[PDB]
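Data file: start17.txt. Format and content: compact mmCIF, C-alpha atoms and all ligand atoms.
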# COMPACT_ATOMS: atom_id res chain seq x y z
CA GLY S 7 87.46 114.68 135.76
CA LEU S 8 89.83 114.13 132.77
CA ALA S 9 89.96 110.33 132.89
CA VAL S 10 86.21 110.13 132.80
CA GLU S 11 85.88 112.81 130.08
CA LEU S 12 88.43 111.02 127.84
CA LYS S 13 86.50 107.73 128.19
CA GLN S 14 83.08 109.26 127.45
CA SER S 15 84.25 111.44 124.58
CA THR S 16 85.88 108.39 122.83
CA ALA S 17 83.25 105.79 123.83
CA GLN S 18 81.53 105.74 120.43
CA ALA S 19 84.84 105.51 118.52
CA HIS S 20 85.97 102.64 120.81
CA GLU S 21 82.76 100.78 119.94
CA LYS S 22 83.45 101.44 116.21
CA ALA S 23 87.03 100.05 116.80
CA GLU S 24 85.65 96.85 118.29
CA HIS S 25 83.66 96.33 115.08
CA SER S 26 86.13 97.11 112.26
CA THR S 27 86.03 94.38 109.60
CA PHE S 28 89.76 93.54 110.07
CA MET S 29 89.71 93.42 113.87
CA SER S 30 86.39 91.71 114.01
CA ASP S 31 87.59 89.01 111.55
CA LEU S 32 90.92 88.73 113.32
CA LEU S 33 89.42 88.25 116.81
CA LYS S 34 86.68 85.81 115.64
CA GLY S 35 89.32 83.43 114.13
CA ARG S 36 88.65 84.19 110.43
CA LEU S 37 92.13 85.42 109.48
CA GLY S 38 95.50 84.01 110.49
CA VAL S 39 98.87 84.61 112.09
CA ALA S 40 99.96 86.32 108.80
CA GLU S 41 97.31 89.01 109.28
CA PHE S 42 98.17 89.39 112.98
CA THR S 43 101.76 89.73 111.90
CA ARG S 44 100.89 92.56 109.44
CA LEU S 45 99.08 94.39 112.27
CA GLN S 46 102.05 94.12 114.56
CA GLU S 47 104.32 95.40 111.78
CA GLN S 48 102.28 98.56 111.35
CA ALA S 49 102.05 98.81 115.17
CA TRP S 50 105.84 98.69 115.37
CA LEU S 51 105.97 101.67 113.03
CA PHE S 52 103.52 103.80 114.99
CA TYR S 53 104.72 102.71 118.44
CA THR S 54 108.26 103.62 117.42
CA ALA S 55 107.10 107.10 116.43
CA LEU S 56 104.86 107.50 119.51
CA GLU S 57 107.79 106.55 121.73
CA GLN S 58 109.99 109.27 120.29
CA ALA S 59 107.24 111.75 121.07
CA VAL S 60 106.91 110.36 124.58
CA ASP S 61 110.69 110.72 125.09
CA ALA S 62 110.54 114.32 123.99
CA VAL S 63 107.63 115.26 126.22
CA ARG S 64 108.92 113.40 129.26
CA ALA S 65 112.26 115.19 128.87
CA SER S 66 110.45 118.57 128.79
CA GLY S 67 109.10 117.78 132.26
CA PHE S 68 105.40 117.52 131.29
CA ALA S 69 103.31 114.61 132.73
CA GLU S 70 106.49 112.87 133.74
CA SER S 71 104.99 110.30 136.13
CA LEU S 72 102.40 109.21 133.59
CA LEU S 73 105.07 108.63 130.91
CA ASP S 74 106.42 105.45 132.51
CA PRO S 75 109.19 103.99 130.27
CA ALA S 76 108.11 100.40 131.28
CA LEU S 77 105.17 101.03 128.96
CA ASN S 78 107.50 101.25 125.91
CA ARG S 79 106.36 98.64 123.34
CA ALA S 80 108.56 99.12 120.29
CA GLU S 81 111.52 96.91 121.35
CA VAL S 82 109.22 94.17 122.67
CA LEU S 83 107.22 94.32 119.40
CA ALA S 84 110.40 93.98 117.38
CA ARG S 85 111.23 90.83 119.38
CA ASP S 86 107.71 89.48 118.69
CA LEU S 87 108.08 90.18 115.03
CA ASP S 88 111.50 88.45 114.87
CA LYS S 89 109.64 85.31 116.15
CA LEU S 90 106.52 85.70 114.00
CA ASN S 91 108.52 86.33 110.82
CA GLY S 92 111.34 83.87 111.63
CA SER S 93 114.17 86.34 111.28
CA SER S 94 114.95 90.10 111.10
CA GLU S 95 114.06 90.10 107.32
CA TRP S 96 111.03 92.22 108.16
CA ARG S 97 112.72 95.56 109.01
CA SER S 98 113.77 95.96 105.36
CA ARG S 99 110.50 94.72 103.81
CA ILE S 100 107.73 96.47 105.77
CA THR S 101 106.42 99.79 104.64
CA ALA S 102 103.97 102.11 106.36
CA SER S 103 100.45 101.96 105.06
CA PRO S 104 99.02 105.35 104.07
CA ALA S 105 97.03 105.40 107.34
CA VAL S 106 100.19 104.77 109.22
CA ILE S 107 102.08 107.51 107.33
CA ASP S 108 99.45 110.02 108.47
CA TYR S 109 99.55 108.75 112.04
CA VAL S 110 103.37 108.77 112.22
CA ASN S 111 103.37 112.28 110.67
CA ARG S 112 101.12 113.57 113.46
CA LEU S 113 103.24 111.87 116.18
CA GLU S 114 106.40 113.40 114.64
CA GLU S 115 104.76 116.83 114.72
CA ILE S 116 103.88 116.32 118.41
CA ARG S 117 107.52 115.22 119.05
CA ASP S 118 109.06 118.22 117.36
CA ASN S 119 106.57 120.72 118.91
CA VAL S 120 107.02 118.94 122.27
CA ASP S 121 103.24 119.18 122.56
CA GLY S 122 102.56 117.75 126.03
CA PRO S 123 98.76 117.80 125.94
CA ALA S 124 98.60 116.18 122.49
CA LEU S 125 101.12 113.53 123.48
CA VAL S 126 99.13 112.63 126.58
CA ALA S 127 96.04 112.06 124.49
CA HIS S 128 97.83 109.61 122.26
CA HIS S 129 99.46 107.91 125.23
CA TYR S 130 96.06 107.35 126.80
CA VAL S 131 94.66 105.90 123.52
CA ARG S 132 97.59 103.57 122.90
CA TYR S 133 98.72 102.52 126.35
CA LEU S 134 95.58 102.53 128.44
CA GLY S 135 93.89 100.62 125.52
CA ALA S 136 96.64 98.01 125.43
CA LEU S 137 96.62 97.66 129.26
CA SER S 138 92.83 97.33 129.23
CA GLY S 139 91.76 94.94 126.50
CA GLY S 140 95.16 93.64 125.46
CA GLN S 141 94.72 90.46 127.40
CA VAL S 142 91.62 89.75 125.28
CA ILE S 143 93.52 90.08 122.06
CA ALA S 144 96.42 87.92 123.23
CA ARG S 145 94.11 85.19 124.43
CA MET S 146 92.34 85.02 121.05
CA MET S 147 95.61 84.92 119.09
CA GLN S 148 96.64 81.89 121.19
CA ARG S 149 93.13 80.30 120.99
CA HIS S 150 92.28 80.79 117.30
CA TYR S 151 95.76 80.75 115.67
CA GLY S 152 98.07 78.90 118.08
CA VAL S 153 100.41 81.88 118.43
CA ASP S 154 103.15 81.18 121.10
CA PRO S 155 102.84 83.46 124.18
CA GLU S 156 106.49 84.26 123.64
CA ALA S 157 105.49 86.15 120.42
CA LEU S 158 102.72 88.08 122.32
CA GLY S 159 105.13 90.04 124.44
CA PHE S 160 103.54 93.28 123.33
CA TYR S 161 100.51 92.33 125.43
CA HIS S 162 102.50 91.49 128.59
CA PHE S 163 103.74 94.64 130.30
CA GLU S 164 106.79 93.07 131.83
CA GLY S 165 107.64 95.08 134.95
CA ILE S 166 103.99 95.53 136.01
CA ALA S 167 102.68 93.10 138.62
CA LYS S 168 99.35 94.50 139.85
CA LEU S 169 97.70 95.68 136.58
CA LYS S 170 94.38 96.80 137.97
CA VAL S 171 96.09 99.14 140.52
CA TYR S 172 98.39 100.39 137.72
CA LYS S 173 95.33 101.31 135.59
CA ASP S 174 93.53 103.05 138.50
CA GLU S 175 96.72 105.01 139.29
CA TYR S 176 97.18 105.94 135.62
CA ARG S 177 93.70 107.55 135.64
CA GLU S 178 94.59 109.42 138.86
CA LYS S 179 97.62 110.84 137.15
CA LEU S 180 95.38 112.02 134.27
CA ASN S 181 93.00 113.68 136.71
CA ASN S 182 95.89 115.38 138.53
CA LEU S 183 97.42 116.89 135.36
CA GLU S 184 97.74 120.69 135.33
CA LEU S 185 95.79 121.88 132.25
CA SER S 186 94.32 125.17 131.12
CA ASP S 187 90.99 125.10 129.25
CA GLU S 188 92.69 125.39 125.84
CA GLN S 189 95.18 122.60 126.74
CA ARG S 190 92.29 120.36 127.94
CA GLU S 191 90.29 120.96 124.76
CA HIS S 192 93.36 120.36 122.54
CA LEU S 193 94.00 117.05 124.45
CA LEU S 194 90.41 115.88 124.05
CA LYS S 195 90.35 116.73 120.36
CA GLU S 196 93.60 114.84 119.89
CA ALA S 197 92.27 111.77 121.62
CA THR S 198 89.39 111.74 119.17
CA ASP S 199 91.92 112.08 116.27
CA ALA S 200 93.94 109.22 117.70
CA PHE S 201 90.92 106.91 117.33
CA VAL S 202 90.39 108.25 113.79
CA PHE S 203 93.95 107.31 112.81
CA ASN S 204 93.59 103.91 114.43
CA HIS S 205 90.37 103.22 112.58
CA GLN S 206 92.01 104.06 109.23
CA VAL S 207 94.94 101.78 110.12
CA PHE S 208 92.52 98.90 110.48
CA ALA S 209 90.76 99.94 107.27
CA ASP S 210 93.97 99.83 105.31
CA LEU S 211 94.85 96.47 106.86
CA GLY S 212 91.39 95.27 105.72
CA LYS S 213 92.03 96.49 102.13
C1 LIG S 301 91.43 101.09 117.72
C2 LIG S 301 91.82 100.03 118.50
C3 LIG S 301 91.55 100.18 120.01
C4 LIG S 301 91.91 101.24 120.77
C5 LIG S 301 92.71 102.45 120.29
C6 LIG S 301 91.47 100.99 122.11
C7 LIG S 301 91.63 101.86 123.17
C8 LIG S 301 91.13 101.70 124.43
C9 LIG S 301 91.28 102.62 125.53
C10 LIG S 301 91.99 103.96 125.45
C11 LIG S 301 90.66 102.08 126.59
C12 LIG S 301 90.53 102.65 128.01
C13 LIG S 301 89.25 103.44 128.08
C14 LIG S 301 89.20 104.08 129.44
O1 LIG S 301 89.11 103.33 130.45
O2 LIG S 301 89.21 105.33 129.51
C15 LIG S 301 90.14 100.78 126.20
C16 LIG S 301 89.43 99.89 127.01
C17 LIG S 301 88.90 98.68 126.64
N1 LIG S 301 89.14 98.04 125.43
FE1 LIG S 301 89.89 98.91 123.73
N2 LIG S 301 90.82 99.80 122.15
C18 LIG S 301 90.85 99.26 120.87
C19 LIG S 301 90.31 98.05 120.47
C20 LIG S 301 89.71 97.15 121.28
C21 LIG S 301 89.23 95.84 120.87
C22 LIG S 301 89.35 95.34 119.42
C23 LIG S 301 88.71 95.25 121.94
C24 LIG S 301 88.07 93.85 122.01
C25 LIG S 301 86.77 93.74 122.30
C26 LIG S 301 88.85 96.16 123.05
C27 LIG S 301 88.47 95.95 124.34
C28 LIG S 301 88.48 96.84 125.37
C29 LIG S 301 87.78 96.63 126.61
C30 LIG S 301 86.91 95.42 127.01
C31 LIG S 301 88.05 97.84 127.47
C32 LIG S 301 87.51 98.02 128.90
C33 LIG S 301 87.02 99.43 129.14
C34 LIG S 301 87.87 100.26 130.12
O3 LIG S 301 88.85 99.79 130.78
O4 LIG S 301 87.54 101.46 130.23
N3 LIG S 301 89.46 97.32 122.60
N4 LIG S 301 90.45 100.57 124.88
Would you kindly transcribe this structure into structure tokens?
Amino acid sequence: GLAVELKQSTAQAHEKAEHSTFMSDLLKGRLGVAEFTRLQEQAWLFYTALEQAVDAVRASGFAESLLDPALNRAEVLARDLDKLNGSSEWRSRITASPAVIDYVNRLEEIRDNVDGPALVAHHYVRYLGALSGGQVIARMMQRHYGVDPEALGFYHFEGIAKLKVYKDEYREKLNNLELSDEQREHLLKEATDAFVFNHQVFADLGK
């Protein structure tokens, strides 16, 4: 089924994502809140773009029940960044890394083409990933760097009580999606590309 096929086809990329030099250093306590803050800045840029694409696709009527607006991160991230940076100064300073420009450009293409199958792939990669190991990341930013849980709002999905049931139900929605063979292959290819973008984001953050 689709949920299982997405996991297996991106398993080796997810393992490569655990081990990027930036994320590895970040999670082991080698960097700092500054570096976490740079990550979240780039994440605000690509979550903002992804969420426009999600809005487009949901409005078209494709995968509507999967595209839960409580998942939206961009506003919560902006609130986290206001706290991390001390003010709203950041919205006029931050610029997209080249990795992020590529990623945003693909999400904007998916938005404008209202490409349901591609959007779902990216939604899976971003949102199921954040729901799944996000707690791990938040815990380490508190443990290693003393970040206030109030500035880790991205990792709380306010509005979700029972997370484990939410994740199981998300995978059921994936499995229940009406897809032709070309739509399924396009989705799976896209999910692989999503991990490729994310790996280059971390590479640029590392540079
Ligand atoms: C490129 C950055 C990352 C992305 C895009 C990502 C994405 C994902 C996705 C999509 C899943 C769900 C897989 C599935 O169940 O089908 C997942 C699960 C998981 N993630 Fe990540 N992840 C990333 C980084 C990390 C990091 C740095 C860790 C820390 C070790 C981590 C820990 C986990 C764990 C433990 C799971 C549990 C497996 C599962 O629920 O299937 N992830 N991630």
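Nearest to ligand LIG 301 (chain S) of all the residues S:211, S:65, S:202, S:153 is S:202, counting all atoms listed in the file.
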Name the residues in contact with residue S:164 at a cut-off of 10 Å, using all atoms listed in the file, excluding same-chain residues fewer than 2 positions from it; report them as a list in words. residues 76, 77, 82, 159, 160, 161, 162, 166 and 167 of chain S
Tell me which of S:104, S:173, S:9, S:126 sits closest to residue S:139, counting only C-alpha atoms. S:173
Select from chain S every residue with an atom at most 7 Å from any atom of ligand LIG 301 (chain S), then for each give the shortest pair of atoms and their distance in Å to one decimal, using all atoms listed in the file, rows by chain and rising number, as a tab-separated table.
residue	atom	partner	partner_atom	distance
S:9	CA	S:LIG301	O2	6.1
S:10	CA	S:LIG301	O2	6.5
S:12	CA	S:LIG301	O2	6.0
S:13	CA	S:LIG301	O2	3.9
S:20	CA	S:LIG301	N2	5.8
S:23	CA	S:LIG301	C1	4.6
S:24	CA	S:LIG301	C22	4.2
S:29	CA	S:LIG301	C22	5.9
S:130	CA	S:LIG301	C10	5.5
S:131	CA	S:LIG301	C10	3.8
S:132	CA	S:LIG301	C5	5.6
S:133	CA	S:LIG301	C10	6.9
S:134	CA	S:LIG301	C10	4.9
S:135	CA	S:LIG301	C8	3.2
S:136	CA	S:LIG301	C8	6.7
S:138	CA	S:LIG301	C16	4.8
S:139	CA	S:LIG301	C28	4.0
S:142	CA	S:LIG301	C24	6.3
S:143	CA	S:LIG301	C24	6.6
S:201	CA	S:LIG301	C5	5.6
S:204	CA	S:LIG301	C1	4.8
S:205	CA	S:LIG301	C1	5.7
Of the residues S:47, S:188, S:57, S:41, which is the one nearest to residue S:84, using only C-alpha atoms? S:47
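Straight-line separation from atom CA of residue S:60 to atom CA of residue S:110: 13.0 Å.
The gap separating atom CA of residue S:156 from atom CA of residue S:79 is 14.4 Å, in Å to one decimal.
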Which residues are near residue S:44? Cut-off 12 Å, all atoms listed in the file, ignore same chain within fewer than 6 positions. Put them as a VMD selection string. chain S and resid 28 32 37 to 38 50 to 51 83 86 to 87 90 to 91 96 99 to 103 207 to 208 210 to 212
Selection export as an mmCIF file, in the frame of the given file, atoms kept: C-alpha atoms:
data_model
loop_
_atom_site.group_PDB
_atom_site.id
_atom_site.type_symbol
_atom_site.label_atom_id
_atom_site.label_comp_id
_atom_site.auth_asym_id
_atom_site.auth_seq_id
_atom_site.Cartn_x
_atom_site.Cartn_y
_atom_site.Cartn_z
ATOM 1 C CA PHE S 28 89.760 93.540 110.070
ATOM 2 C CA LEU S 32 90.920 88.730 113.320
ATOM 3 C CA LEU S 37 92.130 85.420 109.480
ATOM 4 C CA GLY S 38 95.500 84.010 110.490
ATOM 5 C CA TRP S 50 105.840 98.690 115.370
ATOM 6 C CA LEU S 51 105.970 101.670 113.030
ATOM 7 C CA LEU S 83 107.220 94.320 119.400
ATOM 8 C CA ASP S 86 107.710 89.480 118.690
ATOM 9 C CA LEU S 87 108.080 90.180 115.030
ATOM 10 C CA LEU S 90 106.520 85.700 114.000
ATOM 11 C CA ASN S 91 108.520 86.330 110.820
ATOM 12 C CA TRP S 96 111.030 92.220 108.160
ATOM 13 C CA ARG S 99 110.500 94.720 103.810
ATOM 14 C CA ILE S 100 107.730 96.470 105.770
ATOM 15 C CA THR S 101 106.420 99.790 104.640
ATOM 16 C CA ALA S 102 103.970 102.110 106.360
ATOM 17 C CA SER S 103 100.450 101.960 105.060
ATOM 18 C CA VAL S 207 94.940 101.780 110.120
ATOM 19 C CA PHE S 208 92.520 98.900 110.480
ATOM 20 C CA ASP S 210 93.970 99.830 105.310
ATOM 21 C CA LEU S 211 94.850 96.470 106.860
ATOM 22 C CA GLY S 212 91.390 95.270 105.720
#
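For the set S:114, S:63, S:108, S:158, the residue with the smallest atom-to-atom gap to residue S:88 is S:158, counting only C-alpha atoms.
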What are the nearest atom pairs, with distances in Å to one decimal, for all residues of stretch 56-153 of chain S that come at most 8 Å from stretch 174-187 of chain S, using all atoms listed in the file, set out by chain and rising residue number as CSV?
residue,atom,partner,partner_atom,distance
S:69,CA,S:183,CA,6.8
S:71,CA,S:179,CA,7.5
S:72,CA,S:179,CA,6.2
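For the set S:137, S:45, S:209, S:197, the residue with the smallest atom-to-atom gap to residue S:172 is S:137, counting only C-alpha atoms.
Of the residues under consideration (S:26, S:43, S:66, S:52), S:52 shows the shortest atom-to-atom contact distance to residue S:106 when counting all atoms listed in the file.
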Selection: 10 Å around residue S:116, only C-alpha atoms, excl. self and same-chain fewer than 4 positions, as an mmCIF file with C-alpha atoms, keeping the file's coordinate frame:
data_model
loop_
_atom_site.group_PDB
_atom_site.id
_atom_site.type_symbol
_atom_site.label_atom_id
_atom_site.label_comp_id
_atom_site.auth_asym_id
_atom_site.auth_seq_id
_atom_site.Cartn_x
_atom_site.Cartn_y
_atom_site.Cartn_z
ATOM 1 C CA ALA S 55 107.100 107.100 116.430
ATOM 2 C CA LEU S 56 104.860 107.500 119.510
ATOM 3 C CA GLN S 58 109.990 109.270 120.290
ATOM 4 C CA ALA S 59 107.240 111.750 121.070
ATOM 5 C CA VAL S 60 106.910 110.360 124.580
ATOM 6 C CA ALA S 62 110.540 114.320 123.990
ATOM 7 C CA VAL S 63 107.630 115.260 126.220
ATOM 8 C CA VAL S 110 103.370 108.770 112.220
ATOM 9 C CA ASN S 111 103.370 112.280 110.670
ATOM 10 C CA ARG S 112 101.120 113.570 113.460
ATOM 11 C CA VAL S 120 107.020 118.940 122.270
ATOM 12 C CA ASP S 121 103.240 119.180 122.560
ATOM 13 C CA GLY S 122 102.560 117.750 126.030
ATOM 14 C CA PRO S 123 98.760 117.800 125.940
ATOM 15 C CA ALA S 124 98.600 116.180 122.490
ATOM 16 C CA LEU S 125 101.120 113.530 123.480
ATOM 17 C CA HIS S 128 97.830 109.610 122.260
#
All file atoms of stretch 171-186 of chain S boxed axis-aligned, 5 Å per side, centre plus edges, as lines of an AutoDock Vina configuration file:
center_x = 95.7
center_y = 112.2
center_z = 135.8
size_x = 15.4
size_y = 36.0
size_z = 19.4
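What separates atom CA of residue S:34 from atom CA of residue S:150 is a distance of 7.7 Å.
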